[PDB]
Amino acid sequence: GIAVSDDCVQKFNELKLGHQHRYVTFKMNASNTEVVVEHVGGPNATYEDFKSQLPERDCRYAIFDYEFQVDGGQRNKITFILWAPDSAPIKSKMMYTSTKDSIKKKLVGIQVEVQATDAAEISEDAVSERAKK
């Protein structure tokens, strides 16, 4: 029911098609009618730059273009992150849970999916483990 704004796609395509952003975060608009862009990370922005601003008691969506080395060769995984901390209100968790397939399906090209409910789960450690396979 919640719609996904076109700009969501648009920033996503920048990250994906032109490697313009390291990550894009998405949140429910004030009206709870659409999913909108929260933060755009620049191309050299860090993992900590993303993870540190995640709200302790609210949910978020994100796309992190996760980069790593396999035998010294460069690798990239477009990773889709569902942030849904245990402390977020029921209303919050229900809204993002119901809208996740819609956003994901519009964000063509997702290679890896992570769901995290706390600090260990959204750690770089846990996310790269998933990203490297």
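Each residue number is its position in the shown sequence, starting from 1.
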item: Mean temperature factor over C-alpha atoms, higher-scoring stretch between 93-101 and 48-56; value: 93-101
item: Mean temperature factor over C-alpha atoms, higher-scoring stretch between 70-78 and 34-42; value: 70-78
item: Cα B factor band for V4 (lowest, middle or highest third within the chain); value: lowest
item: Third assignment of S123 from its chain's C-alpha B-factors; value: lowest
item: Ranked C-alpha temperature factor of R22 among modelled chain residues, by third; value: lowest
